[PDB]
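Asker: Following this message is one structure expressed as structure tokens.
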Amino acid sequence: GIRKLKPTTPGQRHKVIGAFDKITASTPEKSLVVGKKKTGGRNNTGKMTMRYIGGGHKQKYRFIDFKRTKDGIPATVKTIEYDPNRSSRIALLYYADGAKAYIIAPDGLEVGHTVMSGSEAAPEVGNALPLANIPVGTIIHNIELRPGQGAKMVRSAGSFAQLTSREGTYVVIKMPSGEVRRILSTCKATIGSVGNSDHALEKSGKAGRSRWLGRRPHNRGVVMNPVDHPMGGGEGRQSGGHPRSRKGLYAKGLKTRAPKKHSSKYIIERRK
Amino acid sequence: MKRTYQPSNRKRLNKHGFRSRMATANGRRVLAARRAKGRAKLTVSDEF
Amino acid sequence: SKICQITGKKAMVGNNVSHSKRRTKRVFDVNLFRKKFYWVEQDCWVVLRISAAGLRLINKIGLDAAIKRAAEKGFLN
Amino acid sequence: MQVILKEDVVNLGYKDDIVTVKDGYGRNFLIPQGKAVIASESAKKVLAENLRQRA
RNA sequence: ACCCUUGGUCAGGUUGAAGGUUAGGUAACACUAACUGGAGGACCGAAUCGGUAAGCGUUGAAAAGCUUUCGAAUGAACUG
RNA sequence: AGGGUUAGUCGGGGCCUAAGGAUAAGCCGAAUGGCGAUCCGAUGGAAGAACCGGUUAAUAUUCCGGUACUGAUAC
RNA sequence: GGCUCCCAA
RNA sequence: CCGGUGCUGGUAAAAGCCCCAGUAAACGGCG
RNA sequence: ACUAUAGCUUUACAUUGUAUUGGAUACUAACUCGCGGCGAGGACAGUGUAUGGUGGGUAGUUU
Ligand SMILES: [K+]
Ligand SMILES: [K+]
Ligand SMILES: [K+]
Ligand SMILES: [Mg+2]
Ligand SMILES: [Mg+2]
Ligand SMILES: [Mg+2]
Ligand SMILES: [Mg+2]
Ligand SMILES: [Mg+2]
Ligand SMILES: [Mg+2]
Ligand SMILES: [Mg+2]
Ligand SMILES: [Mg+2]
Ligand SMILES: [Mg+2]
């Protein structure tokens with residue numbers, strides 16, 4: 001859900017934030033968190049390689065189990081928690097073996113439920129199965145690209161993918177982007193869609209919230225000088241010509257995916 | 001108004017001290033040139 | 001030390017020359033790569049950073065002779 | 001490459017004979033899997049001596 | 001100038017968001033009134049940060065200041 | 001020119017790690033070298049532990065008079 | 001000191 | 001408004017280019 | 001504007017092999033990647049030399 005702020009101030013007139021109605025705990029698990037350092041977009045030589053990054057609230061990293069290799073060990077869902085590092089919520093799991101882990105919280109997973117991973121697991125929401133064992137037509141998320149490497153594909157809040165058909169060693173999956181592509185049937189996926197689908201309805205309301213989230217102001221190229229940007233210069237306002245970056249890379253329709261990439265053999269239909 | 005020199009002994013030694021000069025090939029070049037000129041004050045480490 | 005371990009080949013310095021004879025500095029690089037070889041005489045596997053010329057010499061006189069020759073000439077290390 | 005066969009190989013046979021091959025077929029397959037060895041002069045002389053003694 | 005890590009500072013007053021409780025009200029939610037609550041790049045205003053307007057200074061007390069006036073002052077704040 | 005700064009308990013250091021820095025195994029590279037997980041590195045965390053009174057020209061929780069406490073060491 | 005509330009956690 | 005300009009598609013020992021199509025919250029025009 | 005050039009891109013040779021039916025398909029052993037040998041690719045890709053395009057991104061200049 002979402003909470004719309006009343007317009008007591010101009011900086012709150014257009015502000016919509018989440019209702020936090022799924023969170024059941026406020027403190028993270030101590031053994032699964034660690035303090036995280038920030039980069040200002042600076043690489044190991046100290047040079048700013050990525051702009052518009054800096055400041056923001058201090059954050060701690062949560063260890064998410066994207067691999068889920070504890071096959072056949074049932075786990076109990078303990079809490080649903082806020083994670084500052086991703087748009088979705090996370091879930092705390094207690095294994096009957098006595099381990100603890102964090103997983104991406106799927107839509108519909110409630111505190112007190114049971115989850116399992118591996119081939120013998122029932123295809124219920126929250127369970128992790130090899131794609132060879134998932135019934136065709138199931139809504140899935142957290143899709144592995146290579147077997148054993150961990151989920152990479154469908155992870156953002158509200159996002160989901162679909163298993164459309166299977167063709168032997170490969171299954172066919174439709175992506176959030178609308179791409180249709182082939183995935184090895186020994187790769188793993190989790191049943192259900194990622195929760196917190198109302199994350200897209202939130203509005204910051206003011207510049208201060210972007211500063212809290214750790215973004216820095218972005219300057220348009222047409223209001224610079226020619227020495228700084230190809231689109232800068234002129235007396236008064238000017239359009240800047242064909243849109244391009246500081247290095248002259250066209251910004252309208254020029255494709256940048258490598259034309260000889262091997263993975264294009266597994267991509268049936270493309271969509272960006 | 002605030003002027004350009006704001007003293008700090010730790011920063012002075014970290015930036016221009018003897019060990020800072022010896023840590024780099026160009027710093028040793030500076031030391032060799034100063035010895036060849038015959039400076040009585042080799043680095044800021046010599047000052048007090 | 002990017003250099004062939006069998007022949008000692010390293011990069012050369014030369015010029016790009018345009019049609020109007022403008023000359024710009026350039027480097028001629030060695031066709032260098034890492035490859036694994038089965039040493040029969042010692043019955044083991046070795047990894048060598050060699051050029052295609054070094055591979056030609058190996059395929060001409062055998063791996064053992066090439067390695068001993070390179071060690072004698074100092075290229076091996 | 002020129003190789004002295006150590007075993008029998010289909011489509012180029014005559015175990016213990018000298019045959020010319022492509023460099024890759026013989027550097028990357030035959031020698032590591034044990035079929036054939038390089039045809040150096042010492043190996044040629046040894047094989048000739050063995051064939052002469054067994055003749 | 002920007003960033004990173006670790007610390008510190010912000011007199012006093014005002015306003016009164018969400019939420020809650022109590023009465024009425026509904027098939028039930030809604031919804032009305034009182035009390036409570038204490039949010040906010042909210043208000044007035046010291047420290048502090050900045051530098052609007054005028055006067056003065058222009059071999060100046062100062063190689064950019066002083067006096068009055070004025071902006072911000074829980075934050076995209078200031079500062080070691 | 002002479003004199004003047006007195007600590008088991010105050011402050012620091014000795015211990016620990018942050019940003020960052022130097023490195024090992026390795027990687028890269030005409031040279032000089034550039035990288036790269038243990039060590040260094042406080043602005044943070046531990047420190048093993050008091051006060052009262054008096055006194056100098058110039059020191060004091062340090063000197064003195066009481067009152068205490070802490071750490072090692074020989075029975 | 002704890003308590004309450006909040007999200008930027 | 002797709003005419004112009006961009007962008008996207010279908011020689012040494014094939015690209016391109018052509019041609020056709022598309023694209024204006026692309027640059028641009030609206031005698 | 002003239003002339004170059006980093007980068008990007010095309011093809012040939014090298015790295016680079018085998019079989020079937022040439023022009024494609026298939027294979028695994030070069031080579032690449034993943035998990036701790038096994039898996040996934042595969043003579044492609046990447047890299048070197050040569051070569052044609054493009055290239056105010058950068059440079060030297062003229063006007
Ligand atoms: K902007
Ligand atoms: K320019
Ligand atoms: K100040
Ligand atoms: Mg301007
Ligand atoms: Mg104009
Ligand atoms: Mg305010
Ligand atoms: Mg004031
Ligand atoms: Mg004010
Ligand atoms: Mg240490
Ligand atoms: Mg005194
Ligand atoms: Mg120019
Ligand atoms: Mg000149």
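Identifiers in the structure tokens: chain A, B, ... in order shown; residue index from 1 per chain; ligand index from 1 in order shown.
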Please find the residues contacting ligand 6 at a distance of at most 10 Å between atoms, with only C-alpha atoms (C1' of nucleotides) and all ligand atoms counted, and report them as a count of residues only.
Answerer: 8
Asker: Up to 6 Å from chain D, what residues of chain I turn up? Count only C-alpha atoms (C1' of nucleotides) and give them as a PyMOL selection string.
Answerer: chain I and resi 17+29-30
Asker: If the limit is 8 Å from any atom of ligand 1, counting only C-alpha atoms (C1' of nucleotides) and all ligand atoms, which residues qualify? Return them as a list in words.
Answerer: residues 217, 218, 219 and 220 of chain A
Asker: At a cut-off of 12 Å, using only C-alpha atoms (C1' of nucleotides), what residues contact segment 2-14 of chain E? Leave out same-chain residues fewer than 4 positions from it and give the result as a PDB file with N, CA and C atoms (P, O5', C5', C4', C3', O3' and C1' of nucleotides), in the first residue's frame.
Answerer:
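Produced file out-v6.pdb, reproduced below:
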```pdb
ATOM      1  N   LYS A  36      28.245  -1.008   5.527  1.00  0.00           N
ATOM      2  CA  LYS A  36      28.638  -0.835   4.138  1.00  0.00           C
ATOM      3  C   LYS A  36      29.201   0.563   3.932  1.00  0.00           C
ATOM      4  N   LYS A  37      30.319   0.648   3.226  1.00  0.00           N
ATOM      5  CA  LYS A  37      30.915   1.926   2.878  1.00  0.00           C
ATOM      6  C   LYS A  37      30.340   2.422   1.560  1.00  0.00           C
ATOM      7  N   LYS A  38      30.340   3.734   1.393  1.00  0.00           N
ATOM      8  CA  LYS A  38      29.802   4.361   0.200  1.00  0.00           C
ATOM      9  C   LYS A  38      30.919   4.728  -0.765  1.00  0.00           C
ATOM     10  N   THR A  39      30.585   4.736  -2.043  1.00  0.00           N
ATOM     11  CA  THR A  39      31.413   5.330  -3.076  1.00  0.00           C
ATOM     12  C   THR A  39      30.709   6.581  -3.576  1.00  0.00           C
ATOM     13  N   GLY A  40      31.474   7.598  -3.929  1.00  0.00           N
ATOM     14  CA  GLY A  40      30.858   8.743  -4.564  1.00  0.00           C
ATOM     15  C   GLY A  40      30.853   8.583  -6.065  1.00  0.00           C
ATOM     16  N   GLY A  41      30.711   7.350  -6.536  1.00  0.00           N
ATOM     17  CA  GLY A  41      30.960   7.033  -7.920  1.00  0.00           C
ATOM     18  C   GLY A  41      32.422   6.968  -8.284  1.00  0.00           C
ATOM     19  N   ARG A  42      33.310   6.965  -7.301  1.00  0.00           N
ATOM     20  CA  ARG A  42      34.742   6.956  -7.529  1.00  0.00           C
ATOM     21  C   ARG A  42      35.251   5.522  -7.565  1.00  0.00           C
ATOM     22  N   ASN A  43      36.155   5.240  -8.498  1.00  0.00           N
ATOM     23  CA  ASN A  43      36.720   3.906  -8.629  1.00  0.00           C
ATOM     24  C   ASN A  43      37.988   3.799  -7.777  1.00  0.00           C
ATOM     25  N   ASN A  44      38.762   2.728  -7.959  1.00  0.00           N
ATOM     26  CA  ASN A  44      39.899   2.484  -7.079  1.00  0.00           C
ATOM     27  C   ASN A  44      41.064   3.428  -7.327  1.00  0.00           C
ATOM     28  N   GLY A  46      40.439   6.622  -7.423  1.00  0.00           N
ATOM     29  CA  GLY A  46      39.937   7.835  -6.829  1.00  0.00           C
ATOM     30  C   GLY A  46      39.221   8.762  -7.778  1.00  0.00           C
ATOM     31  N   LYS A  47      39.231   8.471  -9.070  1.00  0.00           N
ATOM     32  CA  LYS A  47      38.564   9.311 -10.049  1.00  0.00           C
ATOM     33  C   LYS A  47      37.078   8.997 -10.104  1.00  0.00           C
ATOM     34  N   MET A  48      36.270  10.042 -10.214  1.00  0.00           N
ATOM     35  CA  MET A  48      34.828   9.911 -10.371  1.00  0.00           C
ATOM     36  C   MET A  48      34.526   9.351 -11.753  1.00  0.00           C
ATOM     37  N   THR A  49      34.164   8.075 -11.813  1.00  0.00           N
ATOM     38  CA  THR A  49      33.790   7.459 -13.078  1.00  0.00           C
ATOM     39  C   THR A  49      32.293   7.497 -13.322  1.00  0.00           C
ATOM     40  N   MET A  50      31.489   7.579 -12.271  1.00  0.00           N
ATOM     41  CA  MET A  50      30.045   7.704 -12.389  1.00  0.00           C
ATOM     42  C   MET A  50      29.607   8.936 -11.619  1.00  0.00           C
ATOM     43  N   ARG A  51      28.862   9.813 -12.279  1.00  0.00           N
ATOM     44  CA  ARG A  51      28.410  11.065 -11.694  1.00  0.00           C
ATOM     45  C   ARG A  51      27.134  10.868 -10.880  1.00  0.00           C
ATOM     46  N   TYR A  52      26.746  11.929 -10.168  1.00  0.00           N
ATOM     47  CA  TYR A  52      25.447  12.047  -9.490  1.00  0.00           C
ATOM     48  C   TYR A  52      25.270  11.035  -8.367  1.00  0.00           C
ATOM     49  N   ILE A  53      26.363  10.640  -7.732  1.00  0.00           N
ATOM     50  CA  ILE A  53      26.335   9.738  -6.591  1.00  0.00           C
ATOM     51  C   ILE A  53      27.048  10.421  -5.440  1.00  0.00           C
ATOM     52  N   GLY A  54      26.458  10.367  -4.256  1.00  0.00           N
ATOM     53  CA  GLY A  54      27.132  10.888  -3.088  1.00  0.00           C
ATOM     54  C   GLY A  54      26.207  11.172  -1.930  1.00  0.00           C
ATOM     55  N   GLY A  55      26.726  11.083  -0.711  1.00  0.00           N
ATOM     56  CA  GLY A  55      25.932  11.360   0.465  1.00  0.00           C
ATOM     57  C   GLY A  55      24.858  10.311   0.686  1.00  0.00           C
ATOM     58  N   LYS A  58      23.335   6.531   5.984  1.00  0.00           N
ATOM     59  CA  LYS A  58      24.189   5.380   6.227  1.00  0.00           C
ATOM     60  C   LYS A  58      23.377   4.093   6.175  1.00  0.00           C
ATOM     61  N   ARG A 216      22.863  12.934  -6.422  1.00  0.00           N
ATOM     62  CA  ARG A 216      23.331  14.293  -6.504  1.00  0.00           C
ATOM     63  C   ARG A 216      22.758  14.961  -7.751  1.00  0.00           C
TER      64      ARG A 216
ATOM     65  P     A E  42      11.395  24.919   4.652  1.00  0.00           P
ATOM     66  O5'   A E  42      10.499  24.886   5.956  1.00  0.00           O
ATOM     67  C5'   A E  42       9.414  23.981   6.085  1.00  0.00           C
ATOM     68  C4'   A E  42       8.157  24.689   6.525  1.00  0.00           C
ATOM     69  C3'   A E  42       8.354  25.978   7.303  1.00  0.00           C
ATOM     70  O3'   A E  42       8.642  27.088   6.475  1.00  0.00           O
ATOM     71  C1'   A E  42       6.763  24.644   8.408  1.00  0.00           C
ATOM     72  P     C E  43       9.686  28.209   6.941  1.00  0.00           P
ATOM     73  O5'   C E  43       8.864  29.098   7.961  1.00  0.00           O
ATOM     74  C5'   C E  43       7.705  29.806   7.553  1.00  0.00           C
ATOM     75  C4'   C E  43       7.051  30.506   8.716  1.00  0.00           C
ATOM     76  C3'   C E  43       7.934  31.464   9.499  1.00  0.00           C
ATOM     77  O3'   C E  43       8.026  32.743   8.898  1.00  0.00           O
ATOM     78  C1'   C E  43       6.770  30.054  10.997  1.00  0.00           C
ATOM     79  P     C E  44       9.408  33.549   8.930  1.00  0.00           P
ATOM     80  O5'   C E  44       9.481  34.142  10.401  1.00  0.00           O
ATOM     81  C5'   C E  44       8.575  35.138  10.845  1.00  0.00           C
ATOM     82  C4'   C E  44       8.800  35.475  12.296  1.00  0.00           C
ATOM     83  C3'   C E  44      10.228  35.793  12.707  1.00  0.00           C
ATOM     84  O3'   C E  44      10.636  37.111  12.390  1.00  0.00           O
ATOM     85  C1'   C E  44       9.276  34.306  14.265  1.00  0.00           C
ATOM     86  P     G E  45      12.157  37.421  11.988  1.00  0.00           P
ATOM     87  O5'   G E  45      13.012  37.059  13.281  1.00  0.00           O
ATOM     88  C5'   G E  45      12.884  37.782  14.496  1.00  0.00           C
ATOM     89  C4'   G E  45      13.531  37.054  15.649  1.00  0.00           C
ATOM     90  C3'   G E  45      15.021  36.801  15.534  1.00  0.00           C
ATOM     91  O3'   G E  45      15.793  37.940  15.860  1.00  0.00           O
ATOM     92  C1'   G E  45      13.943  34.824  16.239  1.00  0.00           C
ATOM     93  P     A E  46      17.347  38.017  15.485  1.00  0.00           P
ATOM     94  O5'   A E  46      18.052  37.281  16.701  1.00  0.00           O
ATOM     95  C5'   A E  46      19.375  36.791  16.604  1.00  0.00           C
ATOM     96  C4'   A E  46      19.910  36.390  17.950  1.00  0.00           C
ATOM     97  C3'   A E  46      21.279  35.741  17.949  1.00  0.00           C
ATOM     98  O3'   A E  46      22.335  36.673  17.860  1.00  0.00           O
ATOM     99  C1'   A E  46      19.822  34.477  19.295  1.00  0.00           C
ATOM    100  P     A E  47      23.525  36.453  16.813  1.00  0.00           P
ATOM    101  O5'   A E  47      24.249  35.128  17.308  1.00  0.00           O
ATOM    102  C5'   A E  47      24.917  35.066  18.557  1.00  0.00           C
ATOM    103  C4'   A E  47      25.354  33.660  18.881  1.00  0.00           C
ATOM    104  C3'   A E  47      26.226  32.972  17.844  1.00  0.00           C
ATOM    105  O3'   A E  47      27.593  33.331  17.933  1.00  0.00           O
ATOM    106  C1'   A E  47      24.489  31.516  18.492  1.00  0.00           C
ATOM    107  P     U E  48      28.419  33.749  16.622  1.00  0.00           P
ATOM    108  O5'   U E  48      28.135  32.595  15.567  1.00  0.00           O
ATOM    109  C5'   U E  48      28.793  31.339  15.620  1.00  0.00           C
ATOM    110  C4'   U E  48      28.190  30.386  14.618  1.00  0.00           C
ATOM    111  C3'   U E  48      28.376  30.766  13.153  1.00  0.00           C
ATOM    112  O3'   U E  48      29.604  30.306  12.617  1.00  0.00           O
ATOM    113  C1'   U E  48      26.100  30.272  13.562  1.00  0.00           C
ATOM    114  P     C E  49      30.356  31.120  11.460  1.00  0.00           P
ATOM    115  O5'   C E  49      29.511  30.831  10.147  1.00  0.00           O
ATOM    116  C5'   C E  49      29.546  29.566   9.509  1.00  0.00           C
ATOM    117  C4'   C E  49      28.497  29.464   8.432  1.00  0.00           C
ATOM    118  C3'   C E  49      28.531  30.521   7.343  1.00  0.00           C
ATOM    119  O3'   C E  49      29.508  30.293   6.347  1.00  0.00           O
ATOM    120  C1'   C E  49      26.325  30.275   8.105  1.00  0.00           C
ATOM    121  P     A E  73      14.584  28.917   7.639  1.00  0.00           P
ATOM    122  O5'   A E  73      15.547  28.584   8.861  1.00  0.00           O
ATOM    123  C5'   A E  73      16.367  27.426   8.868  1.00  0.00           C
ATOM    124  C4'   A E  73      17.500  27.553   9.857  1.00  0.00           C
ATOM    125  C3'   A E  73      17.114  27.469  11.323  1.00  0.00           C
ATOM    126  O3'   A E  73      17.058  26.127  11.761  1.00  0.00           O
ATOM    127  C1'   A E  73      18.589  29.300  10.972  1.00  0.00           C
ATOM    128  P     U E  74      15.709  25.480  12.322  1.00  0.00           P
ATOM    129  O5'   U E  74      15.888  23.943  11.999  1.00  0.00           O
ATOM    130  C5'   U E  74      16.235  23.496  10.696  1.00  0.00           C
ATOM    131  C4'   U E  74      15.821  22.065  10.489  1.00  0.00           C
ATOM    132  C3'   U E  74      14.419  21.726  10.983  1.00  0.00           C
ATOM    133  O3'   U E  74      13.816  20.774  10.111  1.00  0.00           O
ATOM    134  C1'   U E  74      16.009  20.378  12.103  1.00  0.00           C
ATOM    135  P     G E  75      12.939  21.270   8.866  1.00  0.00           P
ATOM    136  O5'   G E  75      13.995  21.419   7.695  1.00  0.00           O
ATOM    137  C5'   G E  75      14.786  20.320   7.287  1.00  0.00           C
ATOM    138  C4'   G E  75      16.032  20.775   6.583  1.00  0.00           C
ATOM    139  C3'   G E  75      16.804  19.675   5.882  1.00  0.00           C
ATOM    140  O3'   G E  75      16.293  19.442   4.587  1.00  0.00           O
ATOM    141  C1'   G E  75      18.277  20.937   7.230  1.00  0.00           C
ATOM    142  P     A E  77      22.110  19.264   3.704  1.00  0.00           P
ATOM    143  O5'   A E  77      22.583  20.742   4.075  1.00  0.00           O
ATOM    144  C5'   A E  77      21.675  21.834   4.108  1.00  0.00           C
ATOM    145  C4'   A E  77      21.941  22.775   5.257  1.00  0.00           C
ATOM    146  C3'   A E  77      23.391  22.978   5.659  1.00  0.00           C
ATOM    147  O3'   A E  77      24.062  23.900   4.823  1.00  0.00           O
ATOM    148  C1'   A E  77      22.065  22.660   7.590  1.00  0.00           C
ATOM    149  P     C E  78      25.633  23.752   4.546  1.00  0.00           P
ATOM    150  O5'   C E  78      26.316  24.152   5.921  1.00  0.00           O
ATOM    151  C5'   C E  78      26.290  25.486   6.393  1.00  0.00           C
ATOM    152  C4'   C E  78      26.737  25.559   7.828  1.00  0.00           C
ATOM    153  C3'   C E  78      28.143  25.066   8.119  1.00  0.00           C
ATOM    154  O3'   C E  78      29.144  26.016   7.811  1.00  0.00           O
ATOM    155  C1'   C E  78      26.654  24.163   9.704  1.00  0.00           C
ATOM    156  P     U E  79      30.561  25.548   7.222  1.00  0.00           P
ATOM    157  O5'   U E  79      31.278  24.815   8.435  1.00  0.00           O
ATOM    158  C5'   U E  79      31.605  25.513   9.624  1.00  0.00           C
ATOM    159  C4'   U E  79      31.939  24.568  10.750  1.00  0.00           C
ATOM    160  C3'   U E  79      33.063  23.585  10.492  1.00  0.00           C
ATOM    161  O3'   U E  79      34.348  24.161  10.609  1.00  0.00           O
ATOM    162  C1'   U E  79      31.261  22.457  11.502  1.00  0.00           C
ATOM    163  P     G E  80      35.585  23.528   9.815  1.00  0.00           P
ATOM    164  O5'   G E  80      36.252  22.532  10.851  1.00  0.00           O
ATOM    165  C5'   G E  80      36.669  22.985  12.124  1.00  0.00           C
ATOM    166  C4'   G E  80      37.052  21.843  13.029  1.00  0.00           C
ATOM    167  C3'   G E  80      38.055  20.844  12.485  1.00  0.00           C
ATOM    168  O3'   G E  80      39.391  21.308  12.524  1.00  0.00           O
ATOM    169  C1'   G E  80      36.288  19.693  13.533  1.00  0.00           C
TER     170        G E  80
ATOM    171  P     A F  18      39.731  -2.069   9.175  1.00  0.00           P
ATOM    172  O5'   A F  18      38.995  -0.673   9.349  1.00  0.00           O
ATOM    173  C5'   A F  18      37.585  -0.602   9.492  1.00  0.00           C
ATOM    174  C4'   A F  18      37.049   0.763   9.148  1.00  0.00           C
ATOM    175  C3'   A F  18      37.587   1.410   7.886  1.00  0.00           C
ATOM    176  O3'   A F  18      36.984   0.910   6.710  1.00  0.00           O
ATOM    177  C1'   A F  18      37.504   3.000   9.632  1.00  0.00           C
ATOM    178  P     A F  19      37.859   0.688   5.389  1.00  0.00           P
ATOM    179  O5'   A F  19      37.919   2.124   4.705  1.00  0.00           O
ATOM    180  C5'   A F  19      36.744   2.829   4.336  1.00  0.00           C
ATOM    181  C4'   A F  19      37.039   4.289   4.110  1.00  0.00           C
ATOM    182  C3'   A F  19      38.198   4.593   3.176  1.00  0.00           C
ATOM    183  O3'   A F  19      37.817   4.580   1.813  1.00  0.00           O
ATOM    184  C1'   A F  19      38.407   5.880   5.151  1.00  0.00           C
ATOM    185  P     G F  20      38.595   3.677   0.739  1.00  0.00           P
ATOM    186  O5'   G F  20      40.098   4.188   0.791  1.00  0.00           O
ATOM    187  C5'   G F  20      40.468   5.476   0.328  1.00  0.00           C
ATOM    188  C4'   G F  20      41.722   5.963   1.007  1.00  0.00           C
ATOM    189  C3'   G F  20      43.008   5.243   0.640  1.00  0.00           C
ATOM    190  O3'   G F  20      43.593   5.721  -0.556  1.00  0.00           O
ATOM    191  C1'   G F  20      42.847   5.377   2.977  1.00  0.00           C
ATOM    192  P     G F  41      50.405   2.601  13.260  1.00  0.00           P
ATOM    193  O5'   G F  41      49.319   3.472  12.494  1.00  0.00           O
ATOM    194  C5'   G F  41      49.685   4.484  11.567  1.00  0.00           C
ATOM    195  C4'   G F  41      48.477   4.982  10.818  1.00  0.00           C
ATOM    196  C3'   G F  41      47.317   5.406  11.691  1.00  0.00           C
ATOM    197  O3'   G F  41      47.488   6.720  12.176  1.00  0.00           O
ATOM    198  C1'   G F  41      46.524   4.023   9.944  1.00  0.00           C
ATOM    199  P     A F  42      47.443   7.002  13.748  1.00  0.00           P
ATOM    200  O5'   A F  42      45.904   7.251  14.015  1.00  0.00           O
ATOM    201  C5'   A F  42      45.469   7.918  15.183  1.00  0.00           C
ATOM    202  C4'   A F  42      44.276   8.780  14.891  1.00  0.00           C
ATOM    203  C3'   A F  42      43.517   9.249  16.124  1.00  0.00           C
ATOM    204  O3'   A F  42      42.949  10.533  15.863  1.00  0.00           O
ATOM    205  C1'   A F  42      42.084   7.982  14.762  1.00  0.00           C
ATOM    206  P     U F  43      42.796  11.618  17.033  1.00  0.00           P
ATOM    207  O5'   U F  43      41.223  11.732  17.257  1.00  0.00           O
ATOM    208  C5'   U F  43      40.507  12.935  17.022  1.00  0.00           C
ATOM    209  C4'   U F  43      39.266  12.685  16.200  1.00  0.00           C
ATOM    210  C3'   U F  43      38.698  11.271  16.265  1.00  0.00           C
ATOM    211  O3'   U F  43      37.732  11.141  17.297  1.00  0.00           O
ATOM    212  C1'   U F  43      38.901  11.986  13.992  1.00  0.00           C
ATOM    213  P     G F  44      38.064  10.454  18.710  1.00  0.00           P
ATOM    214  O5'   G F  44      37.052   9.231  18.797  1.00  0.00           O
ATOM    215  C5'   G F  44      35.687   9.357  18.419  1.00  0.00           C
ATOM    216  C4'   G F  44      35.128   8.038  17.946  1.00  0.00           C
ATOM    217  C3'   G F  44      35.298   6.868  18.904  1.00  0.00           C
ATOM    218  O3'   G F  44      34.279   6.790  19.881  1.00  0.00           O
ATOM    219  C1'   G F  44      36.107   6.244  16.793  1.00  0.00           C
ATOM    220  P     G F  45      34.630   6.368  21.388  1.00  0.00           P
ATOM    221  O5'   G F  45      34.917   4.811  21.305  1.00  0.00           O
ATOM    222  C5'   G F  45      33.934   3.903  20.837  1.00  0.00           C
ATOM    223  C4'   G F  45      34.434   2.485  20.913  1.00  0.00           C
ATOM    224  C3'   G F  45      35.023   2.079  22.246  1.00  0.00           C
ATOM    225  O3'   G F  45      34.038   1.743  23.199  1.00  0.00           O
ATOM    226  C1'   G F  45      36.475   1.402  20.529  1.00  0.00           C
TER     227        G F  45
END
```
Asker: Using Å and a single decimal, report how far atom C1' of residue 23 of chain H sits from atom CA of residue 231 of chain A.
Answerer: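 It comes out at 21.4 Å.
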Asker: Please write out the residues within 9 Å of ligand 4 as a PyMOL selection string, counting only C-alpha atoms (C1' of nucleotides) and all ligand atoms.
Answerer: chain A and resi 222-225+232-236
